[PDB]
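# Structural overview for review
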Number of protein chains: 2
Amino acid sequence: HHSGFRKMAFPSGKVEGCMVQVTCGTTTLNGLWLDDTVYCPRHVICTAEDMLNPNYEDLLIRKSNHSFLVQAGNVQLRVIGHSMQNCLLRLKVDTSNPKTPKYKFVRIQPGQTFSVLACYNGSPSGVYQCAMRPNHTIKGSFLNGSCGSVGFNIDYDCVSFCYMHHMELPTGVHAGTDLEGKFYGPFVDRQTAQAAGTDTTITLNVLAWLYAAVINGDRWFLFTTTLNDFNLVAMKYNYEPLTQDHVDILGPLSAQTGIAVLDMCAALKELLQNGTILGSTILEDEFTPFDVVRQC
Amino acid sequence: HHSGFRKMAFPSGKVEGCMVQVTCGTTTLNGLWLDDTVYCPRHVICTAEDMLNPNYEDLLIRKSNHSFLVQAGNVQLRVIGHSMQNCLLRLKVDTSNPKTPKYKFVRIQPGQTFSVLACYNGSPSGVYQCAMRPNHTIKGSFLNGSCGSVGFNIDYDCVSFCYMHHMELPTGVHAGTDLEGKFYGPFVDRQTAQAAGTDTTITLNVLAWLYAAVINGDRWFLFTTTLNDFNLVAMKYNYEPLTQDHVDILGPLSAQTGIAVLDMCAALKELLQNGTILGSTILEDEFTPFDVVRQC
Ligand SMILES: *[C@H](O)[C@H](C[C@@H]1CCNC1=O)NC(=O)[C@H](CC(C)C)NC(=O)OCc1ccccc1
Ligand SMILES: *[C@H](O)[C@H](C[C@@H]1CCNC1=O)NC(=O)[C@H](CC(C)C)NC(=O)OCc1ccccc1
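So, here's what we can say about the structure.

## Quick notes on the packing of helix α3 (residues 203-215) of chain A against helix α7 (residues 261-273) of chain A
Residues and elements named next belong to chain A.
- The N-to-C vectors of α3 and α7 enclose an angle of 100 degrees; their axes lie 10 Å apart at closest approach. When the axis of α3 is compared with that of α7, the two are roughly perpendicular. From α3, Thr-203, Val-206, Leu-207, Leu-210, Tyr-211 and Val-214 reach across to α7, where they touch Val-261, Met-264, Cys-265, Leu-268 and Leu-271.
- Residues of the contact of α3 with α7, tallied by class, amount to 10 nonpolar, 1 polar and no charged.

Listed below in structure tokens is the structure:
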């Protein structure tokens, strides 16, 4: 039986109206236009050679308002102020964006998911769903020219911006900032080898997703266990330890299925100790309990 | 190494501006508002009992322009004409949609992909990527209230609408129409058991996707073969036979990788005859050669 449960992004239209192209010299990336401010990654001011070890304060002294070409489709927005805000530039412009949605800036926590609007040369290209990893990377789909693309959640009428894209690490995963310009994790916007912590599997999301498999009809993977025994297993297999807070979070899903959280933990325990579910021959950890519900 | 290759939907903003809510009696679903026309599934005129065996011509005689409540956010659009167009209603309205994009209607072929904007009560909820299956179903994510949600591709400024959602089959997969109201496949909009052909795997897309794995660094699955020998294998494993047209289609990918199409076919042959690649412990067949390229 085809469940239809799958990764789904939020509708992107509210964010598409906010994307501009920002060029400084021969570097081009994307900017986010909200009211009369355009935010973009500060390494737009870098040349090729600068990115290996940039002195951002120094590179910026050589720039002026007129150094930044901001393009919203056909129009050119006039820059009337520029300043560095952590790893972003804040470019003040003469025109407030009439398509500015209701919005807020949010610093998401590891394990939380969001939608990415991937953009190139200021033009949206595609949308997909991502998670903030325990080691503060995200496993995105980003190519050259994608910096300044943003991640977001929508709640009713309101866009909560949580991510702006800056860089790719040697393992192919991605690092970036919140919209206050502050990197997630220990990363810095320099093109030198940087290592992410080893990456833990998001237990809370695996559990929620194993619930979805049960809500969709699957159950071949269902013994019980205790919190401390499961956490002993989790430490062995690079899963995050479970807390009572997470148990409470899973409450609703546990009711609908009439399956005990700790019974699900015992199923997960066997799977880890032994070795398909909703298709994947592995355990999906980028669905939150929220996502599993919204989608049912 | 994390490739980042993944299913990506088109940005949905152009389509979001076209979605309305259509209610007739106690049945509510989604409509598509383009210029001064609203399209929706004709089973909006059905009650519960009607859907088991509907006489649509007869149910419609009992309706009038004022039977259809069309809601675009706050506004109510006045219906000034209604007619049946195959399995859709065409509802003429007094107001041309100012957010109508450049668009066309396209009947897609099996193997082609498109984005779905899933909607409920006229409000977009999420976006994801789907394929038209060889047996003319799609493996969607649709719940009650989702009918009238549409599938689409975007090429530059232009939306090509290819799907409107009508129904779920007993296996959990989905059936619907193009925007001229014509079902894909042999299905009809009646809630009785209907069987889809057995579903073939889309060889052309599997090959393209095995190319992506090579473009992303993977190669553990790479002997050669001939077209007729591979097609002998394909028939055994419920894969579509390969043609020279498909070989030509794969030309570009074959160049970039410097790997012969038929060499890839030999890799696929072993995998089928023997038994991970870009993550999946199985072979993804809902990426077209187009998608693999656009994303590189
Ligand atoms: C901004 O568009 C760009 C996005 C990178 C390029 C390829 N994939 C991405 O996610 N960011 C950078 O190029 C970044 C700039 C520094 C000042 C931080 N450097 C970087 O990501 O280096 C690693 C890398 C570059 C090119 C291909 C693969 C990895
Ligand atoms: C329209 O929103 C609705 C969408 C179905 C409901 C659940 N998942 C879907 O994709 N379409 C129908 O309810 C359809 C109407 C007939 C006149 C064709 N009937 C239908 O799909 O029956 C099968 C079914 C119903 C409910 C749950 C699962 C399967």
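The rest of the description comes next.
## Points about the packing of aromatic side chains
- What the rule picks out here adds up to 18 aromatic pairs over all chains.
- Seen in terms of ring centroids, A:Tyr103 and A:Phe105 are 5.6 Å apart; in terms of plane orientation they differ by 35 degrees. Their pairing is tilted.
- The interplanar angle of 65 degrees and the centroid separation of 6.1 Å between the aromatic rings of B:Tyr103 and B:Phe161 together place this pair among those described as edge-to-face. Taken together, the residues B:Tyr103 in strand β8 (residues 102-105) and B:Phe161 in strand β12 (residues 158-168) connect sequence positions 58 residues apart.
- Residue class for B:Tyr103 comes out partly exposed when judged on its relative accessible area of 26%.
- Looking at B:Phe161, the relative accessible area reads 0%, which means it is buried.
- An aromatic cluster of at least three residues, connected via ring pairs, comprises A:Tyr39, A:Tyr103, A:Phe105 and A:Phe161.

## Some points on the pairing of strand β2 (residues 27-34) of chain B
Residue and element names in this part refer to chain B.
- Burial analysis of β2 places 7 of its 8 residues in the buried class, the great majority of the element.
- In this sheet, β2 lies alongside strand β1 (residues 19-24) in antiparallel orientation, the contact comprising 6 bridges. From the neighbouring strand, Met-19 faces β2, where its bridge partner is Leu-32.
- Hairpin connection from β1 to β2: 2 residues lie between these consecutive antiparallel strands, with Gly-25 at a positive phi of about 70 degrees.
- As paired elements, β2 and strand β3 (residues 37-41) share 3 bridges and run antiparallel to each other. Following the sheet pairing, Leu-34 is matched in β3 by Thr-37.
- Hairpin connection from β2 to β3: 2 residues lie between these consecutive antiparallel strands, with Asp-35 at a positive phi of about 50 degrees.

## Describing the site of ligand 1
Residues and elements named next belong to chain A.
- As a matter of local geometry, ligand 1 sits amid 17 residues, with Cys-147, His-165, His-166, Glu-168 and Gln-191 nearest to it.
- In this structure, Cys-147 approaches ligand 1 through a main-chain N or O atom, which is 2.8 Å from an oxygen atom.
- Protein chains shield 80% of the accessible area of ligand 1, which is 600 Å² for the free molecule.
- Top contributing element to the shell around ligand 1 by residue count: strand β12 (residues 158-168), with 4 residues.
- Considering only residue class, the shell around ligand 1 consists of 6 nonpolar, 8 polar and 3 charged.

## Some remarks on the sheet that holds strand β7 (residues 88-93) of chain B
All names here are of chain B.
- As summarised here, the arrangement of the 7 strands in space is β5-β4-β1-β2-β3-β7-β6, forming an open sheet in which the pairing is antiparallel. Each edge of the sheet is formed by a strand with only one pairing partner; in this case those strands are β5 (75-77) and β6 (79-85). Between one strand axis and the next, the sheet turns through 30 degrees on average, direction left out of account.
- Across 3 bridges, β1 lies against strand β4 (residues 69-72) in antiparallel orientation. When the sheet's bridge partners are listed, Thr-23 is paired in β4 with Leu-69.

## Digging into the site of ligand 2
Residue and element names in this part refer to chain B.
- Neighbouring ligand 2 are 17 residues; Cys-147, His-165, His-166, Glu-168 and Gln-191 lie closest to it.
- Contact between ligand 2 and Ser-146: an oxygen atom at 3.3 Å from a main-chain N or O atom of the residue.
- In this structure, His-166 approaches ligand 2 through a main-chain N or O atom, which is 2.9 Å from a nitrogen atom.
- About the coverage of ligand 2: the protein hides 81% of its 600 Å² of free accessible area.

## Describing the sheet that holds strand β6 (residues 79-85) of chain A
Residue and element names in this part refer to chain A.
- Taken in spatial order, the 7 strands of this open sheet run β5-β4-β1-β2-β3-β7-β6, and their pairing is antiparallel. With one partner strand each, in any of the chains shown, β5 (75-77) and β6 form the two edges of the open sheet. Adjacent strand axes in the sheet meet at a mean angle of 30 degrees when their direction is disregarded.
- With 3 bridges connecting them, strand β4 (residues 69-72) and β5 associate as antiparallel partners.

## Brief notes about the pattern of salt bridges
Residues and elements named next belong to chain A.
- The tally for this structure, following the rule as stated, stands at 14 salt bridges over all chains.
- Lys-92 is paired through a salt bridge with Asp-36; the nearest N and O atoms lie 2.8 Å apart. Taken together, the residues span a long stretch of sequence, with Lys-92 in strand β7 (residues 88-93) and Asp-36 in the loop between β2 (27-34) and β3 (37-41) at a distance of 56 residues.
- Owing to a relative accessible area of 31%, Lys-92 belongs among the partly exposed residues under this scheme.

## Considering the packing of helix α4 (residues 227-236) of chain A against α7(A)
All names here are of chain A.
- Across the interface, α4 lies against α7 with an axial gap of 10 Å and an inter-helix angle of 25 degrees. The pairing of α4 with α7 is recorded here as roughly parallel in orientation. Considering the relative orientation of α4 and α7, their crossing is left-handed. On the side of α4, the interface is formed by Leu-227, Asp-229, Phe-230 and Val-233, while α7 contributes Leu-262, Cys-265, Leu-268, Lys-269, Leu-272 and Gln-273.

## Notes on the nonpolar core
- Grouped together as the largest cluster of nonpolar side chains are 38 residues, with contacts concentrated most on A:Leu32, A:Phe161, B:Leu32 and B:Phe161.
- Of all elements in the fold, only β2, β9 (113-120), β11 (150-155) and β12 of chain A together with β2, β9 (113-120), β11 (150-155) and β12 of chain B reach the threshold of two or more residues within this core.
- Filtering out sequence-adjacent residues up to four positions away, B:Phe161 remains in contact with B:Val15, B:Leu32, B:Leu34, B:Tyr103, B:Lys104, B:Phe105, B:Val106, B:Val150, B:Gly151, B:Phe152 and B:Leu179.

## Structural notes on the environment of B:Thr27
All names here are of chain B.
- Structurally, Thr-27 is set in strand β2.
- Along the primary structure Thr-27 and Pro-41 are separated by 14 residues, whereas in three dimensions their C-alpha atoms are 11 Å apart.
- The contacts of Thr-27, once residues within four sequence positions are left out, are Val-22, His-43, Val-44 and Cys-46.

## Some words on the relation of the copies chain A and chain B
- Between chain A and chain B, the superposition needs a rotation of 180 degrees and an axial shift of 0.0 Å, giving an RMSD of 0.0 Å. The relationship between the two copies is best expressed as a two-fold rotation axis. Of every C-alpha in chain A, the one belonging to A:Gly13 sits nearest the axis of rotation, 1.7 Å from it.

## Here's the deal with the interface of chain A and chain B
- Facing the 33 residues of chain A at the interface are 33 residues of chain B.
- If you list the elements that add at least two residues to the side of chain A that touches chain B, you get α1 (13-16) and β10 (123-131) of chain A.
- When residues in the side of chain A that touches chain B are grouped by element, the largest group, 7 residues, is from β10(A).
- Grouping the constituent residues of the side of chain A that touches chain B by class yields 13 nonpolar, 15 polar and 5 charged.

Parameters and conventions
Residues numbered from 1 in each chain as written, not as in the entry; some residues may be left out. Chains lettered and ligands numbered in written order. Heavy atoms only, no water. Residues with missing side-chain atoms left out of burial classes, pairs and counts. Axes fitted to C-alpha atoms, helices over the stretch in contact; angles between N-to-C directions. Helix = DSSP H or I, 4+ residues; strand = E, 2+ residues; numbered from the N terminus. Parallel < 35°, antiparallel > 145°, perpendicular 65-115°, else oblique. Contact = heavy atoms within 4.5 Å. Nonpolar A, V, L, I, M, F, W, Y, C, P; charged D, E, K, R; others polar. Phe/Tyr/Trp six-rings, centres within 6.5 Å; stacked < 30°, edge-to-face > 60°. Buried < 20%, exposed > 50% of the residue type's maximum accessible area, 1.4 Å probe, protein only. Pairing = 2+ DSSP bridges. Near = heavy atom within 4 Å. Polar contact = N/O pair within 3.5 Å; in protein donor to acceptor, adjacent residues only side chain to side chain. Areas by Shrake-Rupley, 256 points an atom, 1.4 Å probe, with all protein chains shown as cover. Salt bridge = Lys/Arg side-chain N within 4 Å of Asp/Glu carboxyl O. Left-handed = near helix turned anticlockwise from the far one by under 90°. Core = buried A, V, L, I, M, F, W, Y, C linked by side-chain atoms within 4.5 Å. Least-squares fit on C-alpha atoms.

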